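A short write-up of the structure that comes next.
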Amino acid sequence: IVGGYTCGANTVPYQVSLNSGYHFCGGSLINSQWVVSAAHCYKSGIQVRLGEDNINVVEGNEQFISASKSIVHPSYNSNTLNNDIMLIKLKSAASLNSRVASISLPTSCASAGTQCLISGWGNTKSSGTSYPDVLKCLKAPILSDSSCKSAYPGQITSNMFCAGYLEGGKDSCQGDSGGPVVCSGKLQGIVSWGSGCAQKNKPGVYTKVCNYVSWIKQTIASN
Ligand SMILES: NC(=[NH2+])c1ccc2[nH]c(-c3cccc(-c4ccccc4)c3[O-])cc2c1
Ligand SMILES: [Ca+2]
Ligand SMILES: [Cl-]
């Protein structure tokens, strides 16, 4: 997260770190046995780490659970990143409490102007790499479709939305992919891509979760 602030330990209880010997992507807990992340964060050997703040120090509250299976959306396109969503089923259910809690899926999509909270352990520099130990937060608004399409002509599908600041300075970045974009207590987006990080007129692009709720529900119900 570039231009964000330190969240404060366990203030984002649905945030998870996907780990394979190092942190490579974020994710969101939506119930005690399932996590939602981005399809491009897929790999084998994923250990989901819940209740984290400093990802390099065991401080207490952490729950490390292995993924039993990861379900990449069948229509995921790695060249356009259209349908960049994945569901991860945990080997055992997590113990939910005040430090580990799930986030609700939306019933409707959000409107431009909605203020959301994006979090993650990704890079905090736009020009260079500086990875933090603790979780960073950023409050950012969803942009209108015209501004998004005007910024990325020909690359935005109906399953994506832009959120951020056109002046530059604040954005999600590498290491944040797969993580949550929460607005009014509902998970509206998943960190997907962007051109650089925090550059002027190049806002971040997120997977529009409201378009996948029936898919998530049906897939979980059958797995
Ligand atoms: N400007 C943004 N808002 C933004 C958001 C998420 C991002 N993720 C990345 C990213 C960069 C390099 C590699 C990966 C990557 C690739 C495979 C698996 C996991 C992460 C990224 O997610 C850049 C990147 C940029
Ligand atoms: Ca830790
Ligand atoms: Cl267009």
Side-chain angles (χ1 to χ4, degrees), residues 12-52 55 62-96 100-110 116 118-122 156-161 172 174-183 186-194 204-223:
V12 193
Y14 48 83
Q15 172 82 234
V16 324
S17 168
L18 296 189
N19 183 287
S20 48
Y22 53 103
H23 165 80
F24 63 88
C25 276
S28 300
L29 186 65
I30 54 168
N31 62 46
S32 46
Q33 222 170 337
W34 294 86
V35 168
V36 181
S37 184
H40 81 252
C41 285
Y42 176 87
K43 71 164 63 176
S44 52
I46 294 183
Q47 180 179 60
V48 179
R49 296 185 170 204
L50 310 162
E52 292 275 21
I55 50 164
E62 295 98 332
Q63 288 177 52
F64 289 180
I65 308 183
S66 294
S68 202
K69 49 158 54 181
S70 303
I71 303 184
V72 164
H73 188 278
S75 307
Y76 165 59
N77 180 308
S78 50
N79 296 288
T80 59
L81 285 190
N82 187 39
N83 301 296
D84 192 16
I85 181 173
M86 162 177 82
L87 292 174
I88 300 177
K89 194 180 188 190
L90 304 185
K91 188 178 285 189
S92 51
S95 316
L96 302 183
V100 179
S102 52
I103 185 65
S104 301
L105 292 176
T107 33
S108 50
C109 303
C116 307
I118 308 168
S119 44
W121 289 278
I156 307 299
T157 65
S158 48
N159 300 306
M160 306 173 193
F161 66 85
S172 46
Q174 123 166 244
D176 296 317
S177 294
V181 178
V182 176
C183 324
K186 304 292 185 183
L187 178 69
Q188 293 287 179
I190 299 167
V191 182
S192 189
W193 58 279
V205 191
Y206 304 90
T207 299
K208 195 175 184 176
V209 178
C210 62
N211 289 354
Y212 301 96
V213 180
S214 333
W215 180 72
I216 292 169
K217 293 176 170 178
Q218 293 176 331
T219 302
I220 289 181
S222 49
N223 280 282

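We count residues from 1, following the sequence as given. Values below: all heavy atoms of this structure, side chains included; hydrogens, waters and symmetry mates excluded.
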Exercise for the section: Keeping the roles fixed (side chain from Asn83, backbone from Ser75), state whether a donor-acceptor pair exists under 3.5 Å. Expected result: yes
Handout entry: Exam field: side chain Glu62 to backbone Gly51, donor-acceptor pair closer than 3.5 Å
Key = no
Once rounded to the nearest 0.5 Å, what's the spacing between atom [atom1] of [X] and atom [atom2] of [Y]?
X: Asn31; Y: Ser102; atom1: CG; atom2: OG; answer: 7.0 Å
X: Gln218; Y: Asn223; atom1: CD; atom2: CG; answer: 12.0 Å
X: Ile216; Y: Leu87; atom1: CD1; atom2: CG; answer: 5.5 Å
X: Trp34; Y: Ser68; atom1: CH2; atom2: OG; answer: 9.0 Å
X: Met160; Y: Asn211; atom1: CE; atom2: CG; answer: 11.0 Å
X: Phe24; Y: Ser37; atom1: CZ; atom2: OG; answer: 7.5 Å

Handout entry: Side chains of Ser172 and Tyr206, donor plus acceptor under 3.5 Å
Key = yes
Practice task
Scan side-chain atoms only and decide if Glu52 and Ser17 contain a donor-acceptor pair under the 3.5 Å cut-off.
Solution key: no
Practice task
Carefully, step by step, assess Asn82 and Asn77 under the rule side chain to side chain donor-acceptor pair (under 3.5 Å).
Solution key: CA-CA 5 Å; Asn82 187 39; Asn77 180 308; over 6 Å; no
Within the 4.5 Å heavy-atom criterion, are [X] and [Y] side-chain neighbours or not?
X: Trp121; Y: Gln15; result: yes
X: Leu50; Y: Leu29; result: yes
X: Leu18; Y: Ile88; result: yes
X: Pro13; Y: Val100; result: no
X: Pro74; Y: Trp215; result: yes
X: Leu81; Y: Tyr76; result: yes
X: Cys109; Y: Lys208; result: yes
X: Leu187; Y: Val181; result: no

Practice task
Go through the steps to decide whether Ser66 and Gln47 satisfy the test side chain to side chain donor-acceptor pair (under 3.5 Å), and finish with yes or no.
Solution key: CA-CA 4 Å; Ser66 294; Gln47 180 179 60; 5.0 Å; no
Heavy-atom closest pair, residues [X] and [Y]:
X: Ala39; Y: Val72; answer: CB-CG1, 3.8 Å
X: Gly122; Y: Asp176; answer: N-OD1, 2.9 Å
X: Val209; Y: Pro106; answer: CG1-CD, 4.1 Å
X: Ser119; Y: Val12; answer: OG-CG1, 3.6 Å
X: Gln188; Y: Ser108; answer: OE1-O, 3.1 Å
X: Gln63; Y: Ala94; answer: OE1-CA, 3.4 Å

Handout entry: From CA spacing to verdict: side-chain contact (heavy atoms from CB on, under 4.5 Å), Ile46, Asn19
Key = CA-CA 6 Å; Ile46 294 183; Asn19 183 287; over 6 Å; no
Problem - Test side chain to side chain donor-acceptor pair (under 3.5 Å) applied to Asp84 and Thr207, step by step - result: CA-CA 6 Å; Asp84 192 16; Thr207 299; 4.6 Å; no
Exercise for the section: Would you indicate whether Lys43, at its atom NZ, is surrounded by more than 12 heavy atoms from other residues, nucleotides or ligands within a distance under 6.0 Å? Expected result: yes
Exercise for the section: Could you check whether the rings of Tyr212 and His73 sit parallel, tilted or perpendicular, using 30° and 60° as the cut-offs? Expected result: perpendicular
Handout entry: Evaluation steps, side chain to side chain donor-acceptor pair (under 3.5 Å), between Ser177 and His40
Key = CA-CA 8 Å; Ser177 294; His40 81 252; 3.2 Å; yes
Practice task
Could you walk me through whether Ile85 and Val36 pass the side-chain contact (heavy atoms from CB on, under 4.5 Å) test, one step at a time?
Solution key: CA-CA 7 Å; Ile85 181 173; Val36 181; 4.0 Å; yes
